[PDB]
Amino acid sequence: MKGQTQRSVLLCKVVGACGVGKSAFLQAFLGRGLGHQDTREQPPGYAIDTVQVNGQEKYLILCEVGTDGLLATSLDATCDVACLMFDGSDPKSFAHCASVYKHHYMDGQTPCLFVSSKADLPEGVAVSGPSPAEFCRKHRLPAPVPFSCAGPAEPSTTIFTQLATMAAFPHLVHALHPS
């Protein structure tokens, strides 16, 4: 039917440098913010839970993948959607994240979502250009999504529905004129 897919299980790789918040992001997928985390439920570097996509229950696997040092080149990029994470409070974070995209995903068919982590902290701009938003406009990616794991409030679930939807229907992801 329209809006349905044979896929029951979707794979997202959460790809980013050490310290950008990948492990906390996986915990937030399971409904746990900073401190409220709980390690002994799922394997390290993995988080699985159900996500609704157009009324249908899907399983989304988040798979944590580092990019520090040699990992920036020694990357198995295969996944249904790549979540490219950079530290929104770190001036130097985005450039490394953008380089990973260019070398592994830029001219592929895998949907990519840039995520600006630690949105609760004071923002950290880079000295050179371009901005993360300008980079995504040029390479025709979605606008980078800010995310935060802190606060006493429950973590938002919107970005995980977005990742699951991109994974389920990879041909309807885009940047678009007119809107």
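Sequential numbering from 1, following the sequence displayed.
Chemist: Counting only residues from the deposited sequence, how many are left out of the model between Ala175 and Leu176 (none, 1 to 3, 4 to 9, 10 or more)?
Modeler: Just 1 to 3 residues are missing between them.
Chemist: Higher mean Cα B-factor in the deposited model: 82-90 or 103-111?
Modeler: In the deposited entry, the stretch with the higher C-alpha B-factor mean is 103-111.
Chemist: Decide which of the stretches 66-74 and 36-44 has the higher mean C-alpha B-factor, going by the entry.
Modeler: Higher mean C-alpha B-factor: 36-44.
Chemist: Which is it among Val53, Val127, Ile61, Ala28: the one with the largest CA B-factor in the entry?
Modeler: Comparing C-alpha B-factors across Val53, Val127, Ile61, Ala28, the maximum falls on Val127.
Chemist: Against its chain's modelled residues, does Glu57's Cα B factor rank lowest, middle or highest third?
Modeler: Its C-alpha B-factor, which the entry lists for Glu57, ranks in the middle third among residues of this chain.
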